[PDB]
Amino acid sequence: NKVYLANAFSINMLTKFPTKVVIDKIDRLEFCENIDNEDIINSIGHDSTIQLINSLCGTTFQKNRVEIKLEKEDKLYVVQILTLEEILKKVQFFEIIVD
Amino acid sequence: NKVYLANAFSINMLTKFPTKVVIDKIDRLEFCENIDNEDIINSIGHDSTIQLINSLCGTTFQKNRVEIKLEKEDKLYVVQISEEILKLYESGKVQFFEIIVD
């Protein structure tokens, strides 16, 4: 089981077919809880994104692009849409689980 | 139920959460067989993509842009884009996918 963070989900991440995926819209509390750990693989490359999540979840990610390829049992966490004030200002958080 | 034709899949297309989708990579034969039908809903807005599909499947779609909103049981057929359109399809950068929603 590996767990990724990105700004979107794409069909291009899936390796095996046919594949079942469960998708849920989650709140900021759930989102910050599950991304705040050592094993999560960050694939968000825009700094403004990286700041937005570091501000709202009090984490320390650095902009790091990776081409992620999801396998059975992998999880993907997605944020969709600076300084503190701006970040507080529209945003959604999703959880994607592969089977 | 509704069946769409698109050039992308997006989380915003889903109406209820949590939701499950089954995704399959299909070949040209199954793709063209499933979109060559009366009640399909064409969401593709570019002419490049639409003549490419028509060339390949022998269909006669038109550039029609729509906001897709998938509910339970709806199906989506996607042409996934990873001179300009021909380069991608013959570079091995265009693939075809079946998405059934739950």
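Listed in order, the protein sequences are those of chains C and D.
Residue numbers for the first sequence, in the authors' numbering: 2 to 82, 92 to 99, 105 to 114.
Residue numbers for the second sequence, in the authors' numbering: 2 to 83, 95 to 114.
Even for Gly, the Cβ is constructed at its ideal location relative to N, Cα and C.
Per-residue burial, residue i [other beta carbons within 10 Å of its own, 16 or more giving buried]
i: residue 43 of chain C; result: buried
i: residue 53 of chain C; result: buried
i: residue 24 of chain D; result: buried
i: residue 28 of chain C; result: exposed
Beta bridge counterpart(s) of residue i as assigned by DSSP
i: residue 79 of chain D; result: D:7, D:109
i: residue 15 of chain C; result: C:71
i: residue 25 of chain C; result: C:110
i: residue 93 of chain C; result: DSSP, once it has assigned bridges, lists no residue as partnering residue 93 of chain C.
i: residue 43 of chain D; result: D:6
i: residue 20 of chain D; result: C:24
Distance CB(residue i)-CB(residue j) smaller than 8 Å
i: residue 21 of chain C; j: residue 114 of chain C; result: yes
i: residue 26 of chain D; j: residue 18 of chain C; result: yes
i: residue 10 of chain C; j: residue 12 of chain D; result: yes
i: residue 16 of chain C; j: residue 72 of chain C; result: yes
For residue i, the nearest candidate out of the options (CA to CA)
i: residue 110 of chain C; options: C:51, C:77, C:94, C:98; result: C:77
i: residue 68 of chain D; options: D:100, D:95, D:46; result: D:46
i: residue 34 of chain C; options: C:57, C:50, C:70; result: C:57
i: residue 64 of chain D; options: D:49, D:73, D:75; result: D:49
i: residue 51 of chain D; options: D:81, D:112, D:14; result: D:81
i: residue 40 of chain D; options: D:55, D:32, D:70, D:6; result: D:6
i: residue 59 of chain D; options: D:107, D:37, D:8; result: D:37
i: residue 98 of chain C; options: C:79, C:70, C:55; result: C:55
i: residue 31 of chain D; options: D:14, D:74, D:75, D:79; result: D:79
i: residue 74 of chain D; options: D:8, D:112, D:100; result: D:112
i: residue 14 of chain C; options: C:70, C:66, C:8; result: C:70
Contact with chain B by residue i, beta-carbon distance below 8 Å
i: residue 108 of chain D; result: In the structure shown, chain B does not exist; the protein chains are C and D.
Any residues in the stretch 20-38 of chain D with a beta carbon nearer than 8 Å to a beta carbon of chain C? Which ones, in chain order? Answer set for the stretch 20-38 of chain D: 20, 21, 22, 23, 24, 25, 26.
Contacting positions in the stretch 39-59 of chain C - beta carbon closer than 9 Å to chain D: Under the 9 Å Cβ criterion, the stretch 39-59 of chain C contributes no residue.
Can you give me, in chain order, the residues of the stretch 61-80 of chain C that have a beta carbon less than 9 Å from any beta carbon in chain D? Cβ contacts with chain D come from 79.
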